[PDB]
Amino acid sequence: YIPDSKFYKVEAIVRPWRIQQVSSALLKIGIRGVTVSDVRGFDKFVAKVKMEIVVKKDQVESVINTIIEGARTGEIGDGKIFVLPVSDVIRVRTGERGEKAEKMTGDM
Amino acid sequence: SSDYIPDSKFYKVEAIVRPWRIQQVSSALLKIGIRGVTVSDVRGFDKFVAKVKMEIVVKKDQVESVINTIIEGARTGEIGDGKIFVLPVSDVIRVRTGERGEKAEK
Amino acid sequence: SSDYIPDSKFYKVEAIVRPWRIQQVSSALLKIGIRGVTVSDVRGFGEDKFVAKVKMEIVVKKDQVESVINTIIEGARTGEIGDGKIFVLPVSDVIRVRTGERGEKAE
């Protein structure tokens, strides 16, 4: 990927009713945590949700594929996935940084 | 300089602007042929100022027209008009088809 | 290292933290002269059960990043599981809407 980076944010803008399917699919590949927020596409709007996950470079393709598995319906309006370089990941609780900081360690 | 660092094929143009200027920005962007803007409610400084984040991912060569157009739609002249951020995007994937890169952009 | 990869003039510091720590993080940043933090509500899905968090975003110069990280931790840390994470992403440029000022003038 260009830019090259140790970590990447995978940002998926998908249908709100596909949250659980994407989340469950990610869990199967060891991605235990996703961050979700409400967004609107074009007072007429289309409701979407942004799903954000930060992973190591070697996990990006698996994450993309897994999100598609959960989010795809075959109908126009399935959304888009963006990949952005992440220079650093820090765990607030411990100050751990990098690989020691990327995994989600919240309660299930 | 248009040669943004880091170099990337795509960039996210992220604008934090006044909530009431969103239709104006969207319309202005439509006038230059750009669609697919995503909008979300954010807040700046339990007292807050309501703002809207508008996000559009485009090719490197579209960035300057997008910046100019957002300003055109969002500027009022008063303090609090907001800011625009440009961030490198390594790839774009259309969920429906699996198309990647330029095919997936619009 | 402070020499972040990718190398960039600016970086977005993105903190996903406990909602009740907003005021402490904002105050702490103010104490080091940092203003212009933007916040939004997010849901940690990782019945439709979730954890409420707030995403705090600030775009700063490369040389402000370490102070910003440390200050956010100071404001947001409780020591208990669930304090959240900070992400750092390169930002190629900042533009002020009112003036059209770019680069450091805008940031």
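As recorded in the PDB entry, chain B goes by PII protein and comes from Arabidopsis thaliana. As recorded by UniProt, the Subcellular location comment attached to chain B reads in full: "Plastid, Chloroplast". What the UniProt record of chain B gives under Sequence similarities is the line "Belongs to the P(II) protein family."

As recorded in the PDB entry, chain A goes by PII protein and comes from Arabidopsis thaliana. Taken directly from UniProt, the Subunit text for chain A runs: "Homodimer. Interacts with NAGK. Interaction with NAGK is dependent of MgATP and inhibited by 2-oxoglutarate, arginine, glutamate, citrate, and oxaloacetate."

**A few points about the pattern of salt bridges**
All names here are of chain C. Inspection of the entire model under this criterion finds 39 salt bridges over all chains. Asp3 serves as the salt-bridge partner of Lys62, at 2.9 Å between the closest nitrogen and oxygen. The class of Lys62 is partly exposed, set by a relative accessible area of 22%. A salt bridge links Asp83 to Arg18, with the nearest nitrogen and oxygen atoms 2.8 Å apart.

**Quick word on the pairing of strand β4 (residues 85–91) of chain C**
Burial analysis of β4(C) places seven of its seven residues in the buried class, which makes it a mostly covered element. Looking at chain direction, strand β5 (residues 88–91) of chain A and β4(C) are connected through four bridges and run antiparallel. Following the sheet pairing, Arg91(A) is matched in β4(C) by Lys85(C). The pairing of strand β1 (residues 10–17) of chain C with β4(C) spans seven bridges and is classified as antiparallel. Of the residues in β4(C), the one forming a bridge with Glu14(C) is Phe87(C).

**Let's talk about the packing of aromatic side chains**
For the structure shown, the criterion picks out six aromatic pairs over all chains. Considering the side-chain rings of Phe42(A) and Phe45(A), the 5.2 Å spacing of their centres and the 45° angle between planes classify their relative orientation as tilted. Judged by relative accessible area, which is 37%, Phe42(A) ranks as partly exposed. One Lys or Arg, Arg40(A), reaches over the ring of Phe45(A) and ends 5.3 Å from the middle of that ring. Seen from the ring of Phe48(B), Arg43(B) lies directly overhead, with NZ or CZ sitting 5.0 Å from the centre.

**A word on the interface of chain C and chain A**
With 30 residues of chain C at the contact, the number on the chain A side is 38 residues. A combined buried area of about 2600 Å² lies between chain C and chain A, and 56% of that area is made up of carbon and sulfur atoms. Of all residues in chain C, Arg43(C), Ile81(C) and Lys85(C) bury the most surface against chain A, accounting for 24% of the area lost on that side. Applying the counting rule to chain C against chain A returns four salt bridges. Put simply, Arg97(A) and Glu66(C) hold a salt bridge, and the shortest N to O gap is 2.6 Å. One can count 17 residue pairs in polar contact joining chain C with chain A. Broken down by secondary-structure element, the contributors of at least two residues to the side of chain C that touches chain A are β1, β2 (38–44), α2 (65–76) and β4 of chain C. For the side of chain C that touches chain A, the element with the highest residue contribution is β4(C), accounting for six residues.

Conventions and cut-offs
Residues numbered from 1 in each chain as written, not as in the entry; some residues may be left out. Chains lettered and ligands numbered in written order. Heavy atoms only, no water. UniProt positions renumbered as here; feature names shortened; annotations may be inferred. Salt bridge = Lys/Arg side-chain N within 4 Å of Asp/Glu carboxyl O. Buried < 20%, exposed > 50% of the residue type's maximum accessible area, 1.4 Å probe, protein only. Helix = DSSP H or I, 4+ residues; strand = E, 2+ residues; numbered from the N terminus. Pairing = 2+ DSSP bridges. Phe/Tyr/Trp six-rings, centres within 6.5 Å; stacked < 30°, edge-to-face > 60°. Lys NZ or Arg CZ within 6 Å of the ring centre and 35° of its normal. Contact = heavy atoms within 4.5 Å. Buried area = accessible area lost by both parts, 1.4 Å probe. Polar contact = N/O pair within 3.5 Å; in protein donor to acceptor, adjacent residues only side chain to side chain.

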